[PDB]
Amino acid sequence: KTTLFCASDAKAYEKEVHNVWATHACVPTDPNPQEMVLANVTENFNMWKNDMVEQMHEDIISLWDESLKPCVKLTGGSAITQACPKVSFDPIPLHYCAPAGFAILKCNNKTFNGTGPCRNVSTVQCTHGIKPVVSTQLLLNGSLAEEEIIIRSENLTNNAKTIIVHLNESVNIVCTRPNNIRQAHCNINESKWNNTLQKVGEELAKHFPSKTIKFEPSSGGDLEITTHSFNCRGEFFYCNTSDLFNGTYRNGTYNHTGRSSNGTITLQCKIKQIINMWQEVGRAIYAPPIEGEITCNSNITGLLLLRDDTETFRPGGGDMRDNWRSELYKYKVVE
């Protein structure tokens, strides 16, 4: 309803680029913030139609433009060339804050699906700290659901609408290009992956009850969405998830169909130079990888899925606003 501002805990002596941008663009965080509970109120939220998502999307676009300059950017017919130095890149949390005379309602119902009415509501200056993690298929380094796994969708009946699965237990994923320069791999403990898909299948079954629930790799499209893609310490990883989204939940029980070894799933990854941009329809070209080991140790805290008797779910992604939605669902700007 108005224009927000950001508060961060950055330091202008980091030259990690999130820190630098935040020094330029955000104010320091209130050491101890104010919160106003109101369990009588009951307000309506709609995470799918939330202007904070647009504001934050704009901010992260600006952050990436200032911080991860491509050597070349192709947009339409145009090509733009600029210095593309390697940088230190580790996302920091950002808080979004209502300016004087507005507030941010937080919905405190732990099971709120992001849509409709919510009874226990709070007033706050700012959201919690949100790390702006750009990725597809898996949501990384978010904040887990407090009680049960939550299923969010603008419209579960419309299979074209992305499904956000909010996990209550995070699942470690470790990706590494060890010390072919482009080749890398991720490791997930097949045990926790097994459990979490069991319970995701349970919740999906509540929403589609007669059907058997299958998980399958992404059908088609750009590499950025047919693989789990993400930025790790500057470099763009594309990791194959076909041994990950590969299972069946039949009669209250989940069977994993992907292949594992010694009880870990290992995704083959490539580090790529030519990127399909998430900010706009366009391509972006970066320098070859730094040397040394490139490792990210991340928590999977959510999934992005798309639905095609049986119901079949595939990893989705590509519109980074959904990532922001997954974190901003509980908040509204008011007055």
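Just so we're on the same page, rigid core means the largest C-alpha set that superposes within 1.5 Å between forms. Residue numbers here begin at 1 and follow the sequence given.
Novice: Kindly name the stretch, out of 104-112 and 75-83, whose CA atoms are displaced more from this form in 8 other deposited structures of this protein after the core superposition?
Specialist: Of the two stretches, the larger average C-alpha offset in 8 other deposited structures of this protein falls on 75-83.
Novice: Comparing 30-38 with 268-276, which has C-alphas lying farther from the shown form in 8 other deposited structures of this protein once the core is aligned?
Specialist: Of 30-38 and 268-276, the stretch deviating more in 8 other deposited structures of this protein is 30-38.
Novice: Unmodelled deposited residues between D308 and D309: none, 1 to 3, 4 to 9, or 10 or more?
Specialist: Gap size class: 4 to 9 residues without coordinates, per the record.
Novice: Just how many deposited residues go unmodelled from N179 to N180: none, 1 to 3, 4 to 9, or 10 or more?
Specialist: According to the record, 4 to 9 deposited residues lack coordinates from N179 to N180.
Novice: Averaging CA B factors per stretch from the PDB record, which one is higher: 147-155 or 127-135?
Specialist: The stretch with the larger average C-alpha B-factor is 147-155.
Novice: Going by the mean C-alpha B-factor recorded in the entry, which is higher: 136-144 or 101-109?
Specialist: According to the entry, 101-109 carries the higher average C-alpha B-factor.
Novice: Which one of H166, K73, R250, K86 shows the top CA temperature factor in the record?
Specialist: The C-alpha B-factor peaks, among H166, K73, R250, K86, at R250.
Novice: If you compare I213, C175, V171, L244, which has the highest Cα B-factor in the entry?
Specialist: Largest recorded C-alpha B-factor: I213.
Novice: Taking the entry's C-alpha B-factors for this chain, is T312 in the lowest, middle or highest third?
Specialist: Middle third, going by the recorded CA B-factors of the chain.
Novice: What third of the chain, by the recorded C-alpha B-factor, contains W193?
Specialist: Middle third.
Novice: Based on the deposited C-alpha B factors for this chain, I'd like to know if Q183 is in the lowest, middle or highest third.
Specialist: It belongs to the highest third of the chain when residues are ordered by C-alpha B-factor.
Novice: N323's Cα B-factor: lowest, middle or highest third of the chain?
Specialist: Its C-alpha B-factor belongs to the lowest third of this chain's values.
Novice: Can you tell me whether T42 has a C-alpha B-factor in the lowest, middle or highest third compared with the other modelled residues of the same chain?
Specialist: For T42, whose C-alpha B-factor we compare with every modelled residue in the chain, the answer is the highest third.
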